[PDB]
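K.L.:
Here it is, the structure, as structure tokens.
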Amino acid sequence: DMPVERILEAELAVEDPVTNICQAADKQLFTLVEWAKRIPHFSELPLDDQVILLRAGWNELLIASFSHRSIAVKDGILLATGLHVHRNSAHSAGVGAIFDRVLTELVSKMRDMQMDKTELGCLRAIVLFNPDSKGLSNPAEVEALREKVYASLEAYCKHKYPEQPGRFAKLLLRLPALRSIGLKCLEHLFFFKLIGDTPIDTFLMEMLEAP
Amino acid sequence: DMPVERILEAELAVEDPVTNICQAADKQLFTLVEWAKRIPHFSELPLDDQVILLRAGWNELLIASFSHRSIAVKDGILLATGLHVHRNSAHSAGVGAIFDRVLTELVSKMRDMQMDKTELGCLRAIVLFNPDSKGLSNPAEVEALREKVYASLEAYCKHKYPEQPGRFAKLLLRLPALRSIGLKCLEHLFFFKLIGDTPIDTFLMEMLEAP
Amino acid sequence: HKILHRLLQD
Amino acid sequence: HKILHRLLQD
Ligand SMILES: COc1cc2c(cc1-c1cc(/C=C/C(=O)O)ccc1O)C(C)(C)CCC2(C)C
Ligand SMILES: COc1cc2c(cc1-c1cc(/C=C/C(=O)O)ccc1O)C(C)(C)CCC2(C)C
């Protein structure tokens, strides 16, 4: 069983620029673990599988969250630290292109369709339960949990937005953009580490370790 | 209007290891242009937009095609040149990990759900009509075409496989894997170019040019 | 991107 | 991955 009510509850329960951005990322990794434990059935997976799923998904999970947090922000993002970061600041820090991808492919699209918190929660749970994650002791089990989330999401969309038959597909079709953006943000982060100027705190640094 | 019959027709109309793989990729780029022209409304987009969409999507488009071609192959892929490439050969050429991702995230999953050619065609058309592609003269127009494809795909799935209510979502949820795999294959290709040992023919080389 | 443009033209 | 394991334990 995978009730959207429980997923919404998980979201509600947890509610230069590059230095501040990395600080926010590290901060939210702690909260991300708290979020995942509140998603039905996650805590009952083997510990090693919970580790695999969070290591695979954390960046996409956190990016989805800050993007949705930013829907009422004009040309910017709102960090978990309470700092608003504008386009101009990202551009003047040498990270304009990737910032603009976040704005155009995620934030603006979330804004334009008025993606709600239940929908965001469900998309994040789908990302969490990624059965393609390498090393899972039982991928089939994770696949089944993903299937339950998306079944519940579709039923939710059909019930709440009956006049929008395309909405469920529209939600799912932001996931390729999220995947690509997560990968690019990760690439930048490895570079920040490599150059060694930008402070990277312990949890964020741990996520940059090899498996 | 976006009939699945026309999309199926487009598919049917076009029907060391690394050197052979690159040869196949270049070969299929020519055929890919022929495929795209057969997808409803693509040829009526501005020429520059057709260029943008193919430059953005070609790798995902070609990977989806060879993966589906390979569903009856055991632990391998069948290239457009008629060469079967086994896991062992990819591994012994230093590209095992990415090859295995193709097998486990695409080929095996296509096999297990018996993804048909209409479904493959529709997923490819969705990839083709990517409204997030940078520089499009009218992203809204491309978005509308994507929406028509996925509406037609859902109706098709509901009609042909009524006993599989999750199937449409299942299809769409291979797109993040396809995105990630496309990016990784591209990264390898840029490396082959950089090292300069592997022959890369003209069309494949053109795809590696800056915009 | 001359090959792509040529093929898409006709 | 000691931080993640510790947090997931409790
Ligand atoms: C450190 O991870 C990043 C890097 C970036 C960016 C974001 C993040 C990042 C931030 C967070 C912050 C989350 C929050 O404040 O809730 C989480 C994961 C992340 O990968 C954006 C897209 C804002 C700008 C480009 C860069 C590469 C500097
Ligand atoms: C040159 O593009 C590649 C590279 C790879 C690979 C595939 C391709 C590739 C092949 C094709 C061949 C298509 C066909 O034969 O129909 C098209 C686009 C591509 O990116 C696989 C996943 C097979 C193995 C790893 C490497 C990185 C060598």
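The way I read the labels, and the way they are meant: chains A, B, ... in the order of the structure tokens, residue 1 as the first residue of every chain, and ligand 1 as the first ligand shown, with later ones counted on from there.
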Given a cut-off of 6 Å, what residues near ligand 2 show up using only C-alpha atoms and all ligand atoms, put as a PyMOL selection string?
P.N.:
chain B and resi 18+21-22+24-25+28+59+62-63+66+79-80+95+98-99+102+185+188-189
K.L.:
Counting only C-alpha atoms, a student should be able to say which residues of chain B come within 7 Å of chain C; what is the right answer, written as a list in words?
P.N.:
residues 33, 51, 203 and 206 of chain B
K.L.:
Can you check which residues of stretch 4-140 of chain B DSSP gives as helix (DSSP H, G or I) on the backbone and send them as a ChimeraX atom specification?
P.N.:
/B:4-14,17-37,42-44,47-69,87-91,96-112,117-128,139-140
K.L.:
Residues of the last selection are to be written out with C-alpha atoms, as a CSV table (one decimal), in the first residue's frame.
P.N.:
```csv
chain,number,residue,atom,x,y,z
B,4,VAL,CA,0.3,5.7,-34.0
B,5,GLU,CA,-0.1,4.0,-37.4
B,6,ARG,CA,2.1,6.6,-39.0
B,7,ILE,CA,4.7,6.3,-36.2
B,8,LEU,CA,4.8,2.5,-36.6
B,9,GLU,CA,5.2,3.0,-40.4
B,10,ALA,CA,8.2,5.3,-39.7
B,11,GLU,CA,9.9,2.5,-37.7
B,12,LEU,CA,9.1,-0.2,-40.3
B,13,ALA,CA,10.3,2.0,-43.1
B,14,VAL,CA,13.8,2.4,-41.7
B,17,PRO,CA,34.4,-3.6,-31.1
B,18,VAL,CA,34.6,0.2,-30.6
B,19,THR,CA,35.5,0.7,-34.2
B,20,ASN,CA,32.6,-1.4,-35.4
B,21,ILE,CA,30.2,0.4,-32.9
B,22,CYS,CA,31.2,3.9,-34.2
B,23,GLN,CA,30.8,2.6,-37.8
B,24,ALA,CA,27.3,1.5,-37.0
B,25,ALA,CA,26.5,4.8,-35.3
B,26,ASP,CA,27.6,6.9,-38.3
B,27,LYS,CA,25.6,4.6,-40.6
B,28,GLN,CA,22.4,5.0,-38.6
B,29,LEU,CA,22.7,8.8,-38.4
B,30,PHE,CA,21.8,8.9,-42.1
B,31,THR,CA,18.8,6.6,-41.6
B,32,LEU,CA,17.8,8.6,-38.5
B,33,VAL,CA,17.1,11.7,-40.7
B,34,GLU,CA,14.9,9.5,-42.9
B,35,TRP,CA,13.0,8.2,-39.8
B,36,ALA,CA,12.4,11.8,-38.5
B,37,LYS,CA,11.0,13.0,-41.8
B,42,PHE,CA,8.5,17.1,-38.0
B,43,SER,CA,9.3,18.1,-41.6
B,44,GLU,CA,7.0,21.2,-41.2
B,47,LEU,CA,14.7,23.8,-40.7
B,48,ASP,CA,16.8,25.2,-37.9
B,49,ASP,CA,14.5,23.6,-35.3
B,50,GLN,CA,14.7,20.2,-37.1
B,51,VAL,CA,18.5,20.6,-36.8
B,52,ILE,CA,18.3,21.5,-33.1
B,53,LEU,CA,16.0,18.5,-32.3
B,54,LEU,CA,18.2,16.0,-34.1
B,55,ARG,CA,21.4,17.3,-32.6
B,56,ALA,CA,19.9,17.1,-29.1
B,57,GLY,CA,18.3,13.7,-29.5
B,58,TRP,CA,20.3,11.6,-32.0
B,59,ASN,CA,22.1,9.5,-29.4
B,60,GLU,CA,19.1,8.7,-27.3
B,61,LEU,CA,17.2,8.0,-30.5
B,62,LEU,CA,19.8,5.6,-31.9
B,63,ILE,CA,20.4,3.9,-28.5
B,64,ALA,CA,16.6,3.2,-28.1
B,65,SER,CA,16.7,1.6,-31.6
B,66,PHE,CA,19.6,-0.7,-31.2
B,67,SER,CA,18.5,-1.7,-27.7
B,68,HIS,CA,15.1,-2.8,-29.0
B,69,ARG,CA,16.7,-4.5,-32.0
B,87,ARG,CA,29.2,-8.4,-23.2
B,88,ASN,CA,32.5,-10.2,-23.1
B,89,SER,CA,33.8,-8.2,-26.1
B,90,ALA,CA,32.7,-4.9,-24.6
B,91,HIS,CA,34.3,-5.8,-21.3
B,96,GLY,CA,32.0,-3.1,-19.9
B,97,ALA,CA,30.2,-0.9,-17.4
B,98,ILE,CA,28.4,1.2,-19.9
B,99,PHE,CA,27.6,-1.8,-22.0
B,100,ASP,CA,26.0,-3.6,-19.0
B,101,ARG,CA,23.9,-0.5,-18.3
B,102,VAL,CA,22.5,-0.8,-21.8
B,103,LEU,CA,21.7,-4.5,-21.2
B,104,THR,CA,20.2,-4.2,-17.7
B,105,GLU,CA,18.4,-0.8,-18.0
B,106,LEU,CA,17.2,-0.9,-21.6
B,107,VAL,CA,17.4,-4.2,-23.5
B,108,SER,CA,16.3,-6.6,-20.6
B,109,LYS,CA,13.5,-4.2,-19.6
B,110,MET,CA,12.3,-3.9,-23.2
B,111,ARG,CA,12.4,-7.7,-23.4
B,112,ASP,CA,10.7,-8.3,-20.1
B,117,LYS,CA,7.5,-1.4,-32.3
B,118,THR,CA,4.6,1.1,-32.0
B,119,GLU,CA,5.6,1.7,-28.4
B,120,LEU,CA,9.3,2.1,-29.3
B,121,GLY,CA,8.3,4.4,-32.1
B,122,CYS,CA,6.2,6.6,-29.8
B,123,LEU,CA,9.0,6.8,-27.2
B,124,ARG,CA,11.4,7.8,-29.9
B,125,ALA,CA,9.0,10.5,-31.2
B,126,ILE,CA,8.7,11.8,-27.6
B,127,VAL,CA,12.5,12.1,-27.4
B,128,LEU,CA,12.6,13.7,-30.9
B,139,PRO,CA,9.3,25.5,-27.8
B,140,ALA,CA,5.6,25.6,-27.3
```
K.L.:
My list of candidates is A:78, A:115, A:207, A:178. Which is closest to ligand 1 when distances are computed with only C-alpha atoms and all ligand atoms?
P.N.:
A:78
K.L.:
Residues of chain A near chain B: apply a cut-off of 7 Å, count only C-alpha atoms, and supply the list as an mmCIF file with C-alpha atoms, in the first residue's frame.
P.N.:
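Okay, this is what ended up in result.cif:
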```cif
data_model
loop_
_atom_site.group_PDB
_atom_site.id
_atom_site.type_symbol
_atom_site.label_atom_id
_atom_site.label_comp_id
_atom_site.auth_asym_id
_atom_site.auth_seq_id
_atom_site.Cartn_x
_atom_site.Cartn_y
_atom_site.Cartn_z
ATOM 1 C CA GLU A 105 13.440 22.900 -17.374
ATOM 2 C CA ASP A 132 18.208 0.530 -11.727
ATOM 3 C CA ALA A 151 -0.209 3.977 -9.542
ATOM 4 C CA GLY A 166 -2.181 14.672 -19.775
ATOM 5 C CA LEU A 175 12.293 13.108 -14.805
ATOM 6 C CA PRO A 176 14.701 12.961 -17.790
ATOM 7 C CA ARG A 179 18.335 13.160 -14.329
ATOM 8 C CA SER A 180 20.432 15.267 -16.740
#
```
K.L.:
What gap, in Å, lies between atom CA of residue A:197 and atom 1 (C, counted along the ligand's line) of ligand 1?
P.N.:
13.3 Å
K.L.:
State, in Å with one decimal place, the distance from atom 28 (C, counted along the ligand's line) of ligand 1 to atom CA of residue B:208.
P.N.:
25.6 Å
K.L.:
One decimal, in Å: what's the spacing between atom CA of residue A:81 and atom 14 (C, counted along the ligand's line) of ligand 1?
P.N.:
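Rounded to one decimal, the two atoms are 7.3 Å apart.
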